[PDB]
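# Remarks on the overall topology
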Amino acid sequence: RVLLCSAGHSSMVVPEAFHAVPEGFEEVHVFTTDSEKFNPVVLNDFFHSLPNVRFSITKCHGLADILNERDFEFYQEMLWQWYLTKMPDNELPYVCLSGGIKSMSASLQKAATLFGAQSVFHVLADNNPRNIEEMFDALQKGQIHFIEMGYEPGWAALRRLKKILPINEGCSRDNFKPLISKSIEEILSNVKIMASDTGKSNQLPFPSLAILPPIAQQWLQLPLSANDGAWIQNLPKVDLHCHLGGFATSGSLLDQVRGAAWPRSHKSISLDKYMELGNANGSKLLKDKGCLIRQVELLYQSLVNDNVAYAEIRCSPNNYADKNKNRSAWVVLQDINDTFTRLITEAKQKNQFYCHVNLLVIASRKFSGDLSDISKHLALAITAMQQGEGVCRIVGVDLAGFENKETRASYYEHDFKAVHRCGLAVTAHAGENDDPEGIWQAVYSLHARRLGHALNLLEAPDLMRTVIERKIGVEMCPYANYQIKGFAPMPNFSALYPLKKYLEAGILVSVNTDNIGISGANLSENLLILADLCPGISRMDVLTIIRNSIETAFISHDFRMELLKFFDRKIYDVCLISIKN
Amino acid sequence: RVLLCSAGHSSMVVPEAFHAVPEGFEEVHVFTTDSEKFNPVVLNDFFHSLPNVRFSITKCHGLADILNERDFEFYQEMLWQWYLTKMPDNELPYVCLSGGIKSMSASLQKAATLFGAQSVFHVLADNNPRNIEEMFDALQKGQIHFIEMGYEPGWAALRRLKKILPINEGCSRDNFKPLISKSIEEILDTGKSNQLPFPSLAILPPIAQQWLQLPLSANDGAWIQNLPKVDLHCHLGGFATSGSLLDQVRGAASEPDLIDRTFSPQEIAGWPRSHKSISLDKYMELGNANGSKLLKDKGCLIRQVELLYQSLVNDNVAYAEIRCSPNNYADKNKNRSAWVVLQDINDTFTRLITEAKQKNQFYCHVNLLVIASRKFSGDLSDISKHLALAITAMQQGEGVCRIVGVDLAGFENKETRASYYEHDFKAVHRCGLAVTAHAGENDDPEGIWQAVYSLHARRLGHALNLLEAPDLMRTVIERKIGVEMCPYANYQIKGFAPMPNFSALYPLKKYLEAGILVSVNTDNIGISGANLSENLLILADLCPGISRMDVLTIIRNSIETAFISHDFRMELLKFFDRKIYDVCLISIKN
Ligand SMILES: Nc1ncnc2c1ncn2[C@@H]1O[C@H](COP(=O)(O)OP(=O)(O)OP(=O)(O)O)[C@@H](O)[C@H]1O
Ligand SMILES: [Mg+2]
Ligand SMILES: [Mg+2]
């Protein structure tokens, strides 16, 4: 509980307001001007009599009183800044208004209305006391009276202005700026625009960050530029398709993993050049335990570094098992889950920003070899998702592997009759070289909630309508197809990336890293390449991509609500901060 | 314009504010406490020099000054009543706060921020003039400052308390209910925090923005009617069943000779609020006066369709999907094939839509759902006939009132679990139609799994027993499968609280908390005797504790689960957003 009150010429308010609540308060802050008429001795000694509670005094520098428009506006700005910087982090505070002359009272009431307060109140005394003993006497005789105005909820979008400026290290008139005036003007302009127009008044198709200033919305509508790298890095992101085993394939990551026991190339290649390039890690190296643990920690640190708020990781437990060391695939997967949940809990305990990660069990399409491997992987995933306890868990399986006409979705469909029965989820990888019939059956036979790549949807309008109406997601990684196919004005390759057309059509497109290491680029860089690779892309479509990514994730309903709330708050804060610079 | 002021020790701050606008002011109305320090004669002399400016004087009778809680609250209620009485009809009043001690200034400022004011401001003078020949040179020298903090729109529609609460200038604190106190006391869960659809709801003033979270009550009938709604499970054949609608459709027949005017469905006490549970057979027999025995006539069908569309527009519906059975209305004697009947319905609805849109009025875009019934008395080839007819109507293509998809429904006695009729549904999805399924009205929760994973049904009719199959509820939520539910019909044919001798609770609240994309519909309008508005409003005494934001998110869910194209969905969402914003701003101005 926090009490905020204004100080004018006399010290009536602070003690009577402090004791006005029977329980008392814990922190009390008082605002005052540069006038020398006020004395800080009485309040200081009274609060030193009870050191258990907190107390502070804030003085408006260079302003003894209000004498003109500039004086009043500067005083109001300083009061608003003090209220904002003394705002309790979660709960609303209490406000006493009886301090100062009527102009301070009105400004403080306006501040309470705008930023919200728990229960504002008035304090009046008939005898006009002077000193502590007889404040206590008048309180004992019952002459004390508290007048309660009400409970102001305030603008929830206004309380998030502490990020732009907590304090400007004691700003002076030479470098003064009216930021809270910017806040009030943005809210009044938004309301007036709502009440005046109808077109812009109804358009509003997005997660209720619409309380942004109109200038911010206009900046958002502008096409995305290559210089928005800082903003996009500051933007919280989601990576729904990342491979654990392809991280330490280049740079010092591989050396660190071994000891702990490009990317804009214009070469068009067709497979096996990521497999052999990444052969330095994965099956050959991660057989032990220390290498796997170091790889997991490095991947989590990289994910947190890029401000990613949620990710789904596809791993190959059978590729890492070592029977000679009594290291079964189930043991490897349990180790992965345990280290990920330990890292998540460790980050959460520090209250620092953390990246929730869920695991997807891959089902490698080895084709002829060991046909029982598909059944083994499916059963492993089914029984592994049932461990229950743990922030990190298994939410689905994967169907990646060697894609072929014989390896179509109608080849393994005998084994998937129970994956949906037990409540799992299925993704798929098709369309890069397969037939639209294969994609259609994968959508309708395997009931694949998501889908990998399939850049040639445009050639099948019927299948495009089928995927759009069923809200089947698409995981398409710009760097992957840039290195594989011809995009981003690739020489001798006039093909253009269908991400723009996918967005206009309405396909829930998610941008992913695929494999960070071999591609040598993170998800932020993946978003930047869309600027020059796809001309005429606006900054709003990036947020649409983020929303689609968090909508197509295999997550629970309540977890989705939590992620949506956090993403809304973070997007609001980062946009409000970044519009200034 | 009208300006309002309140002051204490100072006597003529009102003339000081009278020069705030260089063009001038038109009306002055001052309200103050009964203290003698205010001088009314000086203001009277000042305003007598300007006859064109109305000057009305009112005082807080019986209260010299605020001294305790009771005096403060009495002054506050009197001031609120005077404010909502004296505000201009179409313009926000002017108000100034240059005078008065903390209590009245705070009360009037809080009142202004609730209703609204054209401009609240402060006027302070450097030399604090005592007499008028002093403030003349005070304003001439520029010492007087027009301190203005900003425009105060307030709640652009809150003044209905002027009329819903009768204007009573002469009254005391003994009789007043602070509705604002109830609407303010409890404001600040994840659900209501971030579950808001329609982004513009965030723009609303905090009073309304929190009002939407209060529990729904039966007194919100006007508000709930004024919202644009969506109906997805509506049966054309059950629209007109008795009364004036039946008389009109009977009178519009081409041949009135063969119209059975003798039959009349029996009455049920308290209908639609049934005094006891009813069976499905009696529920259908209640609609025996209409259906297919009377709809064979072309004129009857045209009248029924036009009347149904008029009712839909009257109920403020903005989008609807109509379930119809074209084969049931076919007659080979008059060359009335099922395709001809369906085509005629399509042209009639398209003509109505175009004629309503050309006049820039309110129209509800309507699409048809064909019904592939369970085909009582065998003869299951009719399923294939219905599917072929639906596909042909689908790639007919051109038009406005298109065909969205098919529907499977019928009796549960045959024990059909989407496996008997699965043999023919495969070809539907190739064309691009959509499939619903009336699954699990009173049956086991097994067949729903087949309807979802083999029929690929994108919606589920009723499904009131989903709460007992958590494994099924998980995949229902995870696949984004809509669940159409009809409150009045299910209550009548199954029985729910608060109907005595019953203990089952309607699962709508738990369905919404879990996250099922539930959309509330009306089923058969005529038989149940309740339109969409009454069906939505019955949730107050059907599911206690339901909130208005839950109703808005129900409308959003109905928008989500409807079979429409992406662009049309975007336009519908924009229109719904704007309209719903205007409704929550203006209708609850009460
Ligand atoms: N689902 C989540 N994903 C990521 N972070 C979360 C999640 N839920 C809660 N948090 C964390 O809750 C914390 C709340 O922080 P707060 O609202 O006080 O803003 P802040 O500390 O000023 O800045 P920041 O959000 O960067 O921490 C955030 O740091 C956020 O990382
Ligand atoms: Mg991949
Ligand atoms: Mg029905």
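As annotated in the PDB entry, chain B carries the name Adenosine deaminase domain-containing protein and comes from Bacteroidales bacterium. The title attached to this entry in the PDB is "cryoEM structure of CRISPR associated effector, CARF-Adenosine deaminase 1, Cad1, in apo form with ATP (symmetric sites)".

Going by what the PDB entry lists, chain A is known as Adenosine deaminase domain-containing protein and is assigned to Bacteroidales bacterium.

The helix and strand tally for chain B stands at 25 helices and 13 strands. Here chain B has a C-alpha radius of gyration of 31 Å; the compact-globule value for 590 residues is 25 Å, and the former is much larger. Projecting the C-alpha coordinates of chain B onto the three principal axes gives extents of approximately 100 × 50 × 45 Å. In chain B, which comprises 590 residues, the proportion classed as buried is 58%. Taken as a whole, chain B presents about 24100 Å² of accessible surface, with 54% of it coming from carbon and sulfur.

Once that is clear, we can look at the interface of chain B and chain A. In this complex, chain B contributes 67 residues to the contact, which on the side of chain A involves 72 residues. Roughly 6000 Å² is buried in total at the junction of chain B and chain A, and carbon and sulfur atoms are behind 57% of that figure. Linking chain B to chain A there are 2 salt bridges. In this structure, the salt-bridge partner of A:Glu469 is B:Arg458, at a minimum N-O distance of 2.8 Å. For the pair chain B and chain A, the interface holds 19 residue pairs in polar contact. Classifying every residue of the side of chain B that touches chain A by side-chain character gives 26 nonpolar, 22 polar and 19 charged.

Our focus in this paragraph is the nonpolar core. Ranked by size, the top nonpolar core spans 219 residues in total, and within it A:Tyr83, A:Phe115, A:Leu457, A:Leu499, A:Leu543 and B:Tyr83 carry the most contacts. The contacts of A:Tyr83, once residues within four sequence positions are left out, are A:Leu4, A:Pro93, A:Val95, A:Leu108, A:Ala111, A:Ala112, A:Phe115, A:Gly116 and A:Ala117. Residues B:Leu308, B:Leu368, B:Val370 and B:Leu408 belong to the second largest nonpolar core, which totals 58 residues.

By definition, the strands of a sheet pair up through backbone hydrogen bonds, in either a parallel or an antiparallel sense. Residues and elements named next belong to chain A. Read across the open sheet, the 6 strands follow the order β3-β2-β1-β4-β5-β6; overall the sheet is mixed. For this open sheet the edge positions go to β3 (54–60) and β6 (145–150), each flanked by a neighbour on one side alone. When the angles between neighbouring strand axes are averaged without regard to direction, this sheet yields 25°. Judged from the 7 bridges that link them, strand β2 (residues 27–33) and β3 form a sheet pairing that is parallel.

Scoring rules and cut-offs
- Residues numbered from 1 in each chain as written, not as in the entry; some residues may be left out.
- Chains lettered and ligands numbered in written order.
- Part of a larger assembly, values for the part shown.
- Heavy atoms only, no water.
- Helix = DSSP H or I, 4+ residues; strand = E, 2+ residues; numbered from the N terminus.
- Rg over C-alpha atoms; globule rule 2.2 N^0.38 Å.
- Buried < 20%, exposed > 50% of the residue type's maximum accessible area, 1.4 Å probe, protein only.
- Areas by Shrake-Rupley, 256 points an atom, 1.4 Å probe, with all protein chains shown as cover.
- Contact = heavy atoms within 4.5 Å.
- Buried area = accessible area lost by both parts, 1.4 Å probe.
- Salt bridge = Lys/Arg side-chain N within 4 Å of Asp/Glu carboxyl O.
- Polar contact = N/O pair within 3.5 Å; in protein donor to acceptor, adjacent residues only side chain to side chain.
- Nonpolar A, V, L, I, M, F, W, Y, C, P; charged D, E, K, R; others polar.
- Core = buried A, V, L, I, M, F, W, Y, C linked by side-chain atoms within 4.5 Å.
- Pairing = 2+ DSSP bridges.
- Axes fitted to C-alpha atoms, helices over the stretch in contact; angles between N-to-C directions.

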